[PDB]
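Asks: Below you will find the structure I want to go over with you.
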Ligand SMILES: CNc1nc(C)c(-c2nc(Nc3cccc(C(=O)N4CCOCC4)c3)ncc2C#N)s1
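Protein chains in written order, with the authors' numbering: chain D, 176 to 322, 325 to 431; chain C, 0 to 12, 15 to 294.
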């Protein structure tokens, strides 16, 4: 309606305030980028088992990167931070959230129920109750209106989801920028078209400004079948997403 | 913590509400106590939504949250104190009625508060006289965000069990797959007429009765006034066919401009139902002032 311009402007304002530290992993003595990739891949599987929204997944990752920007954590307690973050994101976004007892179950007897409940309250304090954050997913649904191929949409969310795995180098790009590159790249792979005129007038992003981001994402697509993480590729094999993870990537983009 | 506050009296019952006083500064406030489920489910989702969304909104016509106090077993919310709610004010004016300029003033401020909400992607979903507060100067503010939600563009399928029955929208009663900002506008429409006629517009006592009270007044809808109405999950061809009636009998005291605005807030098709932003420009508000109660 007449609000979607006011909302888009407001979202561009809040994504700056809700951004994590770019170089936090260098200051964490006991954990690495490799360990973080393992945690995110596991959270993807959980979303499939209990059938949760894709927005819920994006919210949980945001909470985790902000918490680890402020507090030191040992490798043995890393899974406990992830479990409580996925629970908070469910209460905020889902119509029917899973009960606490089921979050205890999927950790396979590693932690107790009393431990999960206490970590929930600590995360709320550290973030000062600020939970309504913009995501890559939120910007993509607005971009979709400027088309209506349903296969281009599935491939677009596929590329965007892959970025959550690797802190290097995607922690230095804003969500709106990541959305822009993922859209144009999926559009050039399926049909062969490009970043629409209408969106240049809306976002103010040109194809030149998206260049450093787009070249990074292009390489991630090519080398995907050999990444140590594979939970995302198998998810988008399903016909519910039109089996988009089987298409071959283009060789050049000009 | 709480050693600086002194309680005066209990206000009502979410959680429990008190009126209290700051011992060192002299400020009067309102305290809302919430208990945590330490051995079971933890912090309630209604409290999580209410606190995170209210911290973003700052407007003269929206109640202000001052502080949040943590405790191992409890939460305390600290609000500004206001003098009375609208429902109690309407009962005190049962014999004389509410002056027209004051009705015009109150409604104008309510629309300014709602426009700010929708501009920041927030739905209220519980607008009624008991959740609206006034002071001794002529102001009015929105309150109780315990049923609120942040939406997206475009929307998804959300929770179906929403809004107090007397103030519920027709699209919800028919079990729609998608709803949005149009449901908040409908609630303010029923509130407008209640201020004028000194009684509720559609006081139904069941889900099926509520729907029929609307039909006998606005007329039974068809595909001409509401395209796609017969595809709703709870539509039935056995519905009786009543005819629309005159607005000169619905709201007698209202004049030309007032009746023009009312019929746009109660449109059947949510697409054509007027928005809060566009309503602020209607000719009815050409001479708006600010009286004192
Ligand atoms: C609907 N639930 C509410 N929770 C809070 C914290 C509310 C609130 N209440 C007030 N003040 C208030 C409300 C209702 C009644 C009286 C009251 O004591 N009287 C009214 C008649 O004259 C004398 C006695 C006071 N202010 C702010 C909020 C908020 N937020 S309502």
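Idealized CB from N, CA, C, for every residue including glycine.
#1: Counting contacts by CB-CB distance shorter than 8 Å, is residue 122 of chain C in contact with chain D?
#2: Please name the residue, chosen from C:87, C:222, C:196, that lies closest to residue 144 of chain C on a Cα-to-Cα basis.
#3: Report the option in C:239, C:288, C:265, C:290 whose CA atom is closest to the CA atom of residue 279 of chain C.
#4: From residue 292 of chain C to residue 98 of chain C, what distance separates their C-alpha atoms?
#5: Going along chain D, which residues have a C-beta under 7 Å from residue 151 of chain C?
#6: For the stretch 307-316 of chain D against the stretch 231-238 of chain D, do three or more pairs of beta-carbon atoms, one drawn from each stretch, fall closer than 8 Å, so that the two count as touching?
#7: For residue 125 of chain C versus residue 185 of chain C, is the C-beta distance shorter than 8 Å?
#8: List the residues of chain C that residue 185 of chain D touches, going by C-beta distances under 9 Å, in chain order.
#9: When every heavy atom of ligand 1 is checked, does at least one fall within less than 7 Å of the C-beta of residue 415 of chain D?
#10: Buried or exposed for residue 327 of chain D, please, with buried defined as at least 16 other CB atoms from any protein chain shown within 10 angstroms of its CB.
#11: With distance defined between alpha-carbon atoms, name the residue in C:122, C:142, C:150, C:137 nearest to residue 131 of chain C.
#12: Where does residue 169 of chain C sit, in a helix, a strand or coil, going by DSSP?
#13: Can you confirm whether the stretch 287-295 of chain D touches the stretch 214-226 of chain D when touching is taken to mean that 3 or more C-beta pairs between the two stretches lie within less than 8 Å?
#14: Report the option in C:240, C:206, C:205, C:208 whose CA atom is closest to the CA atom of residue 220 of chain C.
#15: Could you have a look at residue 19 of chain C and say whether DSSP puts it in helix, strand or coil?
#16: Just how far apart, CA to CA, sit residue 123 of chain C and residue 403 of chain D?
#17: Which residues bound the alpha helix (DSSP H) around residue 333 of chain D?
#18: Examine ligand 1 and report whether any of its heavy atoms sits within less than 7 Å of the Cβ of residue 90 of chain C.
#19: Is residue 208 of chain D near ligand 1, going by C-beta to nearest heavy atom under 7 Å?
#20: Ends of the alpha helix (DSSP H) at residue 359 of chain D?
#21: Do you know offhand how far residue 166 of chain C's Cα is from residue 81 of chain C's?
#22: In terms of residues, what are the limits of the alpha helix (DSSP H) holding residue 186 of chain D?
#23: Quick one: complete alpha helix (DSSP H) runs, 4+ long, within the stretch 180-224 of chain C?
#24: DSSP beta-bridge partners for residue 5 of chain C?
#25: Where residue 158 of chain C and residue 152 of chain C are concerned, what is the direct C-alpha to C-alpha distance, given to the nearest angstrom?
#26: Which residues share a DSSP beta bridge with residue 83 of chain C?
#27: For residue 384 of chain D and residue 44 of chain C, I'd like the C-alpha separation in whole angstroms.
#28: Buried or exposed for residue 312 of chain D, going by 16 or more other Cβ atoms inside 10 Å?
#29: So is residue 180 of chain C in contact with chain D if we call contact Cβ pairs under 8 Å?
#30: Suppose only complete runs of 3+ residues qualify. What are the beta strand (DSSP E) ranges in the stretch 44-130 of chain C, listed by chain order?
#31: Where do the ends of the beta strand (DSSP E) carrying residue 142 of chain C lie?
#32: For the putative contact between residue 344 of chain D and residue 390 of chain D, defined by C-beta atoms under 8 Å, what is the C-beta separation to the nearest angstrom?
#33: Are there 16 or more other CB atoms within 10 angstroms of the CB of residue 127 of chain C, so buried, or fewer, so exposed?
#34: In the DSSP assignment, find the unbroken alpha helix (DSSP H) run with residue 280 of chain C in it and report its ends.
#35: Name, in chain order, the residues that DSSP records as bridge partners for residue 34 of chain C.
#36: Residues of chain C with CB closer than 7 Å to the CB of residue 266 of chain D, please, in chain order.
Replies: To lay it out plainly:
#1: yes
#2: C:87
#3: C:265
#4: 15 Å
#5: 307
#6: yes
#7: yes
#8: 120, 121, 122
#9: no
#10: exposed
#11: C:142
#12: coil
#13: no
#14: C:240
#15: strand
#16: 43 Å
#17: 327-339
#18: no
#19: no
#20: 352-367
#21: 29 Å
#22: 179-192
#23: 183-198, 208-219
#24: C:22
#25: 10 Å
#26: The partner list for residue 83 of chain C (beta bridge, DSSP) is empty, contrary to what the question assumes.
#27: 46 Å
#28: buried
#29: no
#30: 66-71, 75-81
#31: 141-143
#32: Contact doesn't hold; Cβ gap of about 15 Å is too wide.
#33: buried
#34: 277-280
#35: C:17, C:77
#36: 46, 49
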